Ligand SMILES: CC(=O)O[C@H]1C(=O)[C@@]2(C)[C@H]([C@H](OC(=O)c3ccccc3)[C@]3(O)C[C@H](OC(=O)[C@H](O)[C@@H](NC(=O)c4ccccc4)c4ccccc4)C(C)=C1C3(C)C)[C@]1(OC(C)=O)CO[C@@H]1C[C@@H]2O
Ligand SMILES: Nc1ncnc2c1ncn2[C@@H]1O[C@H](COP(=O)(O)OP(=O)(O)NP(=O)(O)O)[C@@H](O)[C@H]1O
Ligand SMILES: Nc1nc2c(ncn2[C@@H]2O[C@H](COP(=O)(O)OP(=O)(O)O)[C@@H](O)[C@H]2O)c(=O)[nH]1
């Protein structure tokens, strides 16, 4: 199958209220439509998406999309896939003001918690429920940021040095000396998340009082241990859950960037453009060989350009299944950025994932041979 | 002075600036002769077409130059619809490089946003279309 | 003003730099003692690009010399231009790398890198507005590869905005002088592909071919090769130093040459070349220079440009010439050999012209080409690398100094990815 997509419309923000503006995004079911304020009665545009969330209201239930609804639609399925044995990935996208952080982190005070808190809550709830004598679980966490082509750890305390990126020949890219921490209670992961959000690098700008200056990646490694001592073995299934918050495209002149802020914006834009190029290339690549003939034309995707694409090698393509969450600003002034977000979300829809579960081939071959001898025994016994 | 063929379009306005020993009788006769010819096409909604100015100071000659000393000189400023053609050529080149995002990271690394490219292109397309309608014959 | 800082590492880099300094000095008129003895007034106008003032109306070059063997430093000091350099910039140690990349990069170089960086900071602080760096070294060696790569990494960390260049001598296909060339070359390219902003690929085999076929010499030595390389190095950055009709800063060359960040490997060339005793036959002009410049025999990279396509190209002329002739010739070259130029770049020839030609050359031209055919070179190294890594031929010497097989594997993968990228555009079709 392909990538999942969940577009969401953001409500007005005071910058778009002091300057007069109008709603432009409409949507019904799977379809989302935009009209060009530039010249109306010219060419309304529409796009198809698996999931779409309206958030202009809140007390009323008229197509309102609570964070819990978004979680139940995406994160529940992804947690189930993780328990099945697939590595799974969520990544947010949009522009400064879209609302990617609102969806990921949400607000600690509010009951409306973001995707990652609710996923952790449900994961620990199922761990508590399904623990038994013959079934046990292990969970460990990690949290990293990409500031300007440098990986920085968050749970690790103040450490002026950076962390090197190395490629294991079999397991692919990874980061060396990431403070990988275990967890046994929801309080521990909650405190770790709070500390990580505290230590993140954040700066203010005209588009958002508290904007993000760095991409953020939250990773959970989850192990199932089946301990029927008579028959089964432990550490059967290992799964990886990744949750990615990307920085919003900076328009420079509209954001009032200057000095260091401008250089941060430039680096963010370079990373985002590289991400767009890979996404388009990978989409074209999977689309072509799938329908054209089957030749496996050797046009390879290039991920070694930025650390963001390099570290997300597996999630974009390989043994991972994933979803894109594109936030949207309804203000008429933000027309071109909204169109770019829509087009790249549509392109991301064309991408194919190939998540597959793997275990020790010796054990798999032993089980297959056991099934074969069982079949032959049933044949001759009959 | 620009590699475009004026015959493929229509002349919309013309200013002539004369320097030196020139008389209005001669320029009137010249304008009549140019109006007679068929290769020069004027849009229907500009029945006059021409503006004329005359100055007494003849042009000078720089030492070590290449132009000769002359008694009469003319400068024409013509507003035609042939220009578009040149613009069209340039647009083609832009597309051939923007399909692959070549050289874009240099621009992005200095504060530019990617989308700012596309907008400009669309803007250019708008101007060209308004230079193809301003010349359509009236009905 | 645009100041350049120059660094030299290893035997090859030091000798090339010595010959290069002996050249630039003549172009600007500096005696071996330091005093200025020239004729024209343009020579002092932009002398601060390379030289610093000193109280006795003296000029000292802005160079840094690096090694881990005093022999090369002694040879350079005991020479015609030994007294021109600042003594404090002679950074060196003992117990050299011994043709081992690990010793250069991890064990021995890690001690001297701090002193080298202190000297670099002191030199760069005094500059009014620093433009970029440039470093000369050899990839197939020990000291050169390791210490040059380490210095490049550190300087890129400290000065992320400025330009970095490199004039690196790569291993040749057949004329070999070290048994463990492939390991050092691969480990060095793995970092050069990431850190630096431009790279010019020199090969000894190409220089010998030029010397024997074009120059018609009988006993070429390393002095002549250093001459050719110095000529090219001086010609690349002429427009910072002399006036002209179309200037070309280093940054402008960087923007026009590389279309994507990872493809910054170039083949250089210089024209003309009359081999002497036959100067009276050849008529020197613009089309003759263009004819000699695009020919395959002239290239210094030891790779045929006819096996690929030119991603793009830049030409820097020096002389008094007409602009129409230059533009017409570049257009003619593009239209005639239409197969060998990529088709999705409508015009892929950058042009610059400067008014002051070399001392005794009414005209000259420098060539910087960026073509897919360079992939061949990398493939050779990669093949040889595999032939020695499948059985771990000489690996223990590296592992004793604090490395592991993972480093070799990732370096090989990165170079293979580079080869694949360059090959993606090489074939025809592609188009839209
Ligand atoms: C007598 C005469 O003019 O003959 C030429 C000559 O025959 C040719 C063959 C010269 C000659 O070059 C060589 O023979 C040569 C040998 C080994 C490596 C490289 C070159 C020449 O030696 C080289 C010499 O070049 C220069 O002097 C330049 O100004 C050049 N010189 C240096 O590189 C230099 C070296 C050490 C100290 C100072 C300068 C230069 C370029 C830029 C800035 C400053 C200087 C020139 C024109 C000639 C001879 C003498 C035969 C050529 O070289 C240059 C750089 O001009 C080889 O290709 C050119 C074409 C010339 O026609
Ligand atoms: N559904 C929503 N309901 C209420 N406020 C929202 C909603 N979506 C977004 N916002 C608000 O929109 C503002 C910006 O959201 P944010 O997530 O910071 O945007 P972004 O596009 O992710 N940019 P950045 O902060 O740099 O990551 C905040 O005030 C959010 O609370
Ligand atoms: N072009 C050129 N190449 C050289 C010169 N001297 C040595 N080399 C090359 O440098 C390589 C050896 O590198 P080396 O200088 O020993 O590296 P180092 O030991 O780290 O300084 C050999 O392949 C030689 O061909 C020179 O003067 N000119």
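If you go along the chain as it appears here, the first residue is 1 and each next one adds 1.
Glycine is treated like the rest: Cβ placed from N, Cα and C.
The ATP binding site annotation in Swiss-Prot covers A:99, A:100, A:101, A:102, A:212. For residue A:100 (ATP binding site), the count of additional Cβ atoms within 10 Å of its Cβ stands at 26 [all protein chains shown].
The Mg(2+) binding site annotation in Swiss-Prot covers A:101. According to DSSP, residue A:101 (ATP binding site) is assigned to a helical segment. Listed in sequence order, the residues of the same chain lying 6 or more apart from residue A:101 (ATP binding site) and placing their CB within less than 8 Å of its CB are A:114, A:212, A:245.
Residues annotated as coiled coil in Swiss-Prot, with sequence analysis given as evidence: A:363-380.
All protein chains shown were included, and the count of other CB atoms within 10 Å of the CB of residue A:99 (ATP binding site) stands at 22. Within 8 Å of the Cβ centroid of the ATP site, not counting the listed residues A:99, A:100, A:101, A:102, A:212, the chain contributes A:92, A:94, A:98, A:103, A:104, A:105, A:245, A:248, A:327. Here residue A:102 (ATP binding site) comes close to A:10, A:114, A:327: these same-chain residues lie at least six apart in sequence, with C-beta atoms under 8 angstroms from its C-beta. Maximum intra-site Cα distance, ATP binding residues A:99, A:100, A:101, A:102, A:212: 12 Å.
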